[PDB]
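make a model of this:
(7 chains, ligands or ions: 1)
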Amino acid sequence: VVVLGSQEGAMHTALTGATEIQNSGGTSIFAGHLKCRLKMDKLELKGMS
Amino acid sequence: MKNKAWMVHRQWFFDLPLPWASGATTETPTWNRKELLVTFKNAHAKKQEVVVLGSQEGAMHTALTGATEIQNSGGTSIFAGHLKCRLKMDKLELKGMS
Amino acid sequence: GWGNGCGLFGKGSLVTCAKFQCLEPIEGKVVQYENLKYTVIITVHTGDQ
Amino acid sequence: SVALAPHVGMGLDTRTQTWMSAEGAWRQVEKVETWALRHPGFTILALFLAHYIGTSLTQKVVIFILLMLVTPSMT
Amino acid sequence: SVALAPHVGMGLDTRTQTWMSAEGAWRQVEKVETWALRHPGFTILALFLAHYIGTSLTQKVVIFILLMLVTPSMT
Amino acid sequence: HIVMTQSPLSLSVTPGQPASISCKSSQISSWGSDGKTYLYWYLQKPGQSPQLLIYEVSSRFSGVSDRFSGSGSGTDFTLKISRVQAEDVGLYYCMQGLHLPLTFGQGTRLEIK
Amino acid sequence: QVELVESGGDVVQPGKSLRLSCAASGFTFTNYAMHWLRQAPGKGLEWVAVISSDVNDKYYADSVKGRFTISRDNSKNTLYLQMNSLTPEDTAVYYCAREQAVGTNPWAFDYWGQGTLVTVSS
Ligand SMILES: *[C@@H]1O[C@H](CO)[C@@H](O[C@@H]2O[C@H](CO)[C@@H](O[C@@H]3O[C@H](CO[C@@H]4O[C@H](CO)[C@@H](O)[C@H](O)[C@@H]4O)[C@@H](O)[C@H](O[C@H]4O[C@H](CO)[C@@H](O)[C@H](O)[C@@H]4O)[C@@H]3O)[C@H](O)[C@H]2NC(C)=O)[C@H](O)[C@H]1NC(C)=O
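Numbers count the residues shown, from 1 in each chain, chains lettered A, B, ... in the order given. Next comes the structure:
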């Protein structure tokens, strides 16, 4: 009976297409996208006059 | 590796992608093809980072799927193979005829 | 660009060197034919107990 | 990396059972089986391609089998 | 796990560089090339199979290339 | 010769409760070339040898329970335990690895209240 | 799985030199920087000396600088510490710490030895 070993190197090459995200404290993801609407009705420019 | 052995083909050993060295038992060996372990990751063309990719022991165990294990532990005693021989029975005697 | 202290706008070069130290290497050893010792055991059907 | 090149079929074959000869036998087949179970649309794509590139039934079967065996094996 | 189920084409796609993209873009291609250079006779066998199965200049080439892609990576 | 000053010297807390240990440096232990912060947290269990819990400011070491987490950026670092068990008795020596003559802190003590 | 076991610890009168030995097992020794650390009874952990991967490079704590000597017998897979001009203050439990398995620091501790006790008294 023999234990296979440590699968970290195999895991790292099995993740060859995944996207990395920084995980320290808050798991602040840095990849992604967001759709947002810009309602610029109340917005003005300084010093038109 | 790690108190284990295998009888791999020489060319297959020379082909696998891991950083090799002269193996002259000297200190501070210099490894060729270090890029197989380090992985640089430019995130947003803002800066660059370095990783070491961890231990390849489990992947190497998988990459030995067709190899034959032997008992290097103790006395490097190989227990796999075959041999052909011929037997000259001209000099034998039965010890029981009389 | 100017936000990084450089007057010229465009793409800049960058290098990242890191000292790589190896832990737990794997040795590969040949065998020479002047040091190989086969062993054959021969047993006669003596009828021993 | 290293796992992609198993020491299988190199040529040295002996009576003694090799390393992981029980588990590492069907590993490649199970990879393709799981990939096929996970991605079903490429089955339809391969059927279409085999039908439209093969003029004989045996050609269609061979093309379909090779397409199923090539893409999960590639990735 | 085993380096036979990479996250190459499935799932999300973002603008950021995925982990180990440039290092592994050509990994399987290099594997196929080194296997072919190490075992040349299978090229002859694949040529034989292609030229003796369902021959038409497009099929005769697609079957050959597909088999030469299947066998090394499948290994 | 960066001297490490720890805020708590004795932390008596009931089980199933949080805990915050502070190890304040005399200088920012942020290596400029890589931007990392080399602050380590060890725990010598009573009648035992010291272990390594968080081998950075916030990246915990292998084999460490789920609850041990750190923080801090330049000089005010923390060791947060979420739910204290009965095994947490020990001495939480912090350490800085930034400079060669590395110096431990005096080390707090945790007991069950 | 790594095992670091101490040796050489015993009683000694002040001024008499002593040589400590750290036996190592469970990993390739020649590639790892090794350390010596001590804990005086009821006192905080205090690092003593470090030897890097290359044998020549060594460093010592200023409180003990010039009194100790650290050596590496990597062929036997063991570490050597030479204690000279011992003081009754220089009594503590001494540890043998390996280099960090994963990280960025060239020198760090991840696995500590069982510990040996040396007593300097009259
Ligand atoms: C690779 O990266 C590592 C770590 O990331 C670097 O390690 C450095 O190692 C050197 C020694 O090899 C360390 O030098 C020590 O510096 C101490 C700093 O003290 C003062 O620092 C200021 C600068 O802020 C100087 O201007 C002063 O003059 C002081 O030096 C210094 O106190 C210490 O000397 C003391 O200790 C030694 C050993 O105990 C005594 O022999 C000596 O007499 C004195 O008492 C050292 O000189 C340095 O701190 C390490 N740096 C870091 C970040 O850890 C490597 O240098 C990097 N490069 C290579 C090639 O490895």
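
which residues outside the helix or strand where residue G:93 lies are in contact with it?
Residue G:93 is part of strand G:92-98 when elements are defined by DSSP states H and E. If you take C-beta atoms under 8 Å, 6 or more residues apart in numbering or on different chains as the criterion, strand G:92-98 is touched by F:49-50, G:2, G:4, G:6, G:9, G:20, G:22, G:24, G:27, G:32, G:34-41, G:43, G:46, G:48, G:79, G:81, G:109-113, G:115-118. All C-beta spots, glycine's among them, are computed from the backbone N, C-alpha and C.

what subset of those is also close to chain C?
Filtering these for proximity to chain C (criterion: C-beta under 8 Å from any C-beta of the partner chain) leaves G:27, G:32.

for PyMOL, what selects the buried ones among the contacts of strand G:92-98?
Burial among those is assessed by 16 or more other C-beta atoms under 10 Å in any protein chain shown; the matching PyMOL selection reads:
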select buried, (chain F and resi 49+50) or (chain G and resi 4+6+9+20+22+24+27+32+34+35+36+37+38+39+48+79+81+109+110+111+112+113+115+116+118)
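
related to what we said a few turns ago, distance from the strand holding residue G:93 to the middle of the chain?
5 Å (C-alpha atoms, centre = their mean, to the nearest Å).

alpha carbons of that strand, as PDB, please.
The C-alpha trace of strand G:92-98 is given here as PDB (Å, rounded to 0.1, in the frame of the first residue of the first chain):
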ATOM      1  CA  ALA G  92      18.000  27.800  27.700                       C
ATOM      2  CA  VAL G  93      16.100  25.300  25.700                       C
ATOM      3  CA  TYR G  94      17.700  25.300  22.300                       C
ATOM      4  CA  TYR G  95      15.800  24.600  19.000                       C
ATOM      5  CA  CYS G  96      16.700  23.700  15.400                       C
ATOM      6  CA  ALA G  97      14.500  25.400  12.800                       C
ATOM      7  CA  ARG G  98      14.300  24.600   9.200                       C
END
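
so after it, what's the next helix or strand?
Heading C-terminal from strand G:92-98 (DSSP H and E), you reach strand G:116-120.

and that next one, what does it pack onto?
strand G:11-12, strand G:18-25, strand G:92-98 (3 or more C-beta pairs under 8 Å, 6 or more residues apart in numbering or on different chains; DSSP states H and E).

so where do the helices sit in chain A?
Remark: helices assigned in chain A by DSSP state H are A:8-14.

ok, the residue of it found nearest chain D - contacts?
Scanning chain A for the residue nearest chain D gives residue A:13, at 4.4 Å (criterion: C-beta to the nearest C-beta). Applying C-beta under 8 Å, 6+ apart to residue A:13 gives the contacts B:59, D:1, D:2, D:3, E:3, E:6, E:20, E:24.

hmm, 6 Å instead?
Counting by C-beta atoms under 6 Å, 6 or more residues apart in numbering or on different chains, residue A:13 touches D:1, E:3.

what's the spacing between it and residue B:56?
9 Å (C-beta to C-beta, to the nearest Å).

before we move on, what about residue G:40?
42 Å.

do the same with residue F:4
37 Å.

next one: residue A:12
Taken as C-beta to C-beta, the span from residue A:12 to residue B:56 is 9 Å.

just residue G:117 next, same as before
40 Å.

just the endpoints, please. Distance across stretch A:28-36?
20 Å (C-alpha to C-alpha, to the nearest Å).

off-centre distance for stretch G:56-66?
11 Å.

nope, stretch F:29-46 is what I meant
Per C-alpha atoms, centre = their mean, the centroid offset for stretch F:29-46 relative to its chain is 9 Å.

near chain A, anything from it?
No: Stretch F:29-46 does not reach chain A (C-beta under 6 Å from any C-beta of the partner chain); its nearest approach is 10.5 Å.

what about the residue nearest to residue C:23 when sequence neighbours are not counted, neighbour count?
Leaving aside its chain neighbours, residue C:23 sits nearest to residue G:31 (5.0 Å; criterion: C-beta to C-beta, 6 or more residues apart in numbering or on different chains). Residue neighbour count, defined by other C-beta atoms under 10 Å in any protein chain shown, stands at 17 for residue G:31.

so residue G:31 is in which element?
Here residue G:31 is assigned to no helix or strand, by DSSP H and E.

and residue D:41, how close does it get to residue D:50?
Residue D:41 is 15 Å from residue D:50, by C-beta to C-beta.

ok, residue G:69 next?
On the measure of C-beta to C-beta, residue G:69 and residue D:50 end up 76 Å apart.

tell me which of these two has more neighbours.
A count of neighbours by other C-beta under 10 Å puts residue D:50 above the other of residue G:69 and residue D:50, at 19 against 15.

report how many residues lie close to the closest residue to chain E within chain F.
Closest residue of chain F to chain E, C-beta to the nearest C-beta: residue F:59 (17.3 Å). Counted with other C-beta under 10 Å, the neighbours of residue F:59 add up to 15.

residues touching residue 27, list them.
Picked chain A for this. Contacts of residue A:27 by C-beta under 6 Å, 6+ apart: none found.

could you do chain G instead?
Contacts of residue G:27 (C-beta under 6 Å, 6+ apart): residue G:2.

right, I'll leave it there.
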